[PDB]
Amino acid sequence: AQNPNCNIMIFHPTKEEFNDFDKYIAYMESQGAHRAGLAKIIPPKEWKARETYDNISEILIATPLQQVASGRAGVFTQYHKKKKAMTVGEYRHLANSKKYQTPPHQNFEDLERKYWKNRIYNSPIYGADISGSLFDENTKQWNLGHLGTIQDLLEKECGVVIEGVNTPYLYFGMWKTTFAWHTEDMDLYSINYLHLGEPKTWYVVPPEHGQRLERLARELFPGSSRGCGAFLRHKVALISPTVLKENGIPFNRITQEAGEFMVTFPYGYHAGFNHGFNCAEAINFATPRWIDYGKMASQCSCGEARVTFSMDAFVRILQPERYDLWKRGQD
Ligand SMILES: O=C(O)CNC(=O)C(=O)O
Ligand SMILES: [Mg+2]
Ligand code: NI
Ligand SMILES: [Zn+2]
């Protein structure tokens, strides 16, 4: 078995190997990459996502989210308070302000220490989940707006044609902006490109050990667990590396820098934080190997998780027994 310790693997494809996206994902899996839940892909030196980022300031962040924490430094939840619209140029200026900017630090490890010590005492503002793309249309390789769609994959594998679409999302971050512990909708893959700016630190639990994280989460967030049998679908709970190590939960960490891709694998729980002003693009995708994960994915039916239009068909076809209850939670 390849990668039996479930380490995060880093790949350096050549420009030739960068042509065929599906083939490269299958290659990484042949080497055991998926066992970690997360892999890094450093693009060939010849590749670029677009020519420059000089003209992005007029993108609108219609609903910036202030991430307000509750709990203790290593075990907390966050809620999202909606803020007034602002442009990316306005948000960048805010991120760089004395109130929100990255503090002085020695290295990534020092900054990680400061994040876990101090995150709860601040409320950073995240421009998340913005439909759109920063890839130039002429970028042919690993262009996250030109991927094969999940609907087409389900149709190829299973023969059933379904409604729905699959488009990317932009994320504008600042120091301390946080993504809570989650797997993807329907335990899909994700791919995330850091277009510009400061790094993003990731934590990940191997898929084979995801239920260990779920059991800890039920212990640590006991009211939330009574409220919903899949409350990590709400995407609000944080648990620090120190707490994970105290509780024997297997995990790994890595920092993504500008110009790098990350892939999350089916049922790979992940969480993390941004170092400073940045912009990422991410989208979900599927492969043949996903289908069995999609069939077994948990679902929130309490009403909190509320997701896209396109998830309806996935539930309906892959999980017909759950459909009725899950759809009630959507309506
Ligand atoms: O970058 C973020 O805030 C969150 N991204 C992801 O969870 C992802 O790409 O799967
Ligand atoms: Mg612009
Ligand atoms: Ni994710
Ligand atoms: Zn729920």
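Counting begins at 1 with the first residue of the sequence.
- Between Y24 and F18 the shortest side-chain heavy-atom distance does not fall below 4.5 Å.
- A donor atom on one side chain and an acceptor atom on the other are not found under 3.5 Å apart for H12 and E17.
- By the side-chain contact (heavy atoms from CB on, under 4.5 Å) test, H34 is found to be paired with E29, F265, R289, residues two or more places apart in sequence or in another chain being considered.
- One side chain, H182 or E184, offers a donor N or O that lies under 3.5 Å from an acceptor on the other.
- In plain terms, the two heavy atoms of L38 and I8 that are nearest each other are O-CG2, 3.6 Å.
- Sorted by first then second residue, the side-chain hydrogen bond (donor to acceptor under 3.5 Å, both in side chains) pairs that include residues 153-162, not counting sequence neighbours, number zero.
- With contacts defined as side-chain heavy-atom distances shorter than 4.5 Å, the pair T287/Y189 qualifies.
- Under 4.0 Å is where a charged nitrogen must lie from a carboxylate oxygen, and between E163 and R316 at least one such pair does.
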Should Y115 and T178 be marked as a side chain to side chain donor-acceptor pair (under 3.5 Å) after you check the CA-CA gap, both sets of side-chain angles, and the distance that decides it?
CA-CA 10 Å; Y115 173 87; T178 300; 2.7 Å; yes
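- A heavy-atom distance below 4.5 Å is found between the side chains of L94 and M174.
- Residues satisfying the ring pair (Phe, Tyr, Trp, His ring centres under 6.0 Å) test with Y203, not counting sequence neighbours, are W116.
- No side-chain donor from either of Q330 and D312 sits under 3.5 Å from a side-chain acceptor of the other.
- A donor atom on one side chain and an acceptor atom on the other are found under 3.5 Å apart for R233 and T183.
- Side-chain contact check for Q141 and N19: at least one donor-acceptor pair (N or O, by modelled atom type) lies under 3.5 Å.
- Side-chain atoms of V205 and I249, non-hydrogen and from C-beta on, do get closer than 4.5 Å to each other.
- Taking every heavy atom of both residues into account, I120 and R72 meet most closely at CD1-C, 3.9 Å.
- In this model, no donor atom of one side chain and acceptor atom of the other lie less than 3.5 Å apart for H80 and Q66.
- The shortest distance between side-chain heavy atoms of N192 and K200 falls below 4.5 Å.
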Decide side chain to side chain contact (heavy atoms under 4.5 Å, CB included) for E281 and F135; before the verdict, give the C-alpha distance in whole Å, the side-chain angles of both, and the deciding distance to 0.1 Å.
CA-CA 9 Å; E281 181 171 342; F135 285 87; 3.3 Å; yes
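- With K99 contributing its side chain and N96 its backbone, the two residues share no donor-acceptor pair below 3.5 Å.
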